[PDB]
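One-letter residues, chain by chain:
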Amino acid sequence: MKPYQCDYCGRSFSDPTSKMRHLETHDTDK
Ligand SMILES: [Zn+2]
């Protein structure tokens with residue numbers, strides 16, 4: 001078991017897919 005957590009969020013995603021979208025769409029400054 002290894003939680004796919006976000007380095008900035010501290011939130012553990014149990015799925016690499018949504019942890020992926022969440023990490024790439026984190027780039028929503030504009
Ligand atoms: Zn995040």
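The rules behind the values
Position numbers follow the written sequence of each chain, starting from 1, instead of the entry's numbering, which may differ; residues with no coordinates are not represented. Side-chain figures throughout are based on the complete set of non-hydrogen atoms in the structure, without hydrogens or water. Sodium, potassium and calcium take a 3.2 Å donor cutoff, other metals 2.8 Å, and in both cases only N, O and S atoms count; water is not among them, so sites may look incomplete. Relative accessibility under 20% of the residue-type maximum defines a buried residue, over 50% an exposed one, and the middle range a partly exposed one, all with a 1.4 Å probe and only protein chains included.

The deposited coordinates for this entry were obtained by solution NMR.

The title given to this entry in the Protein Data Bank is "Solution Structure of Miz-1 zinc finger 5".

A. Main features of the coordination of the zinc ion. Within the protein, the atoms that donate to the zinc ion are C6 (SG), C9 (SG), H22 (NE2) and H26 (NE2), at distances of 2.0 to 2.3 Å. Between consecutive donor residues of the zinc ion, the sequence gaps follow C-x2-C-x12-H-x3-H. By relative accessible area, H26 is classed as partly exposed at 34%.

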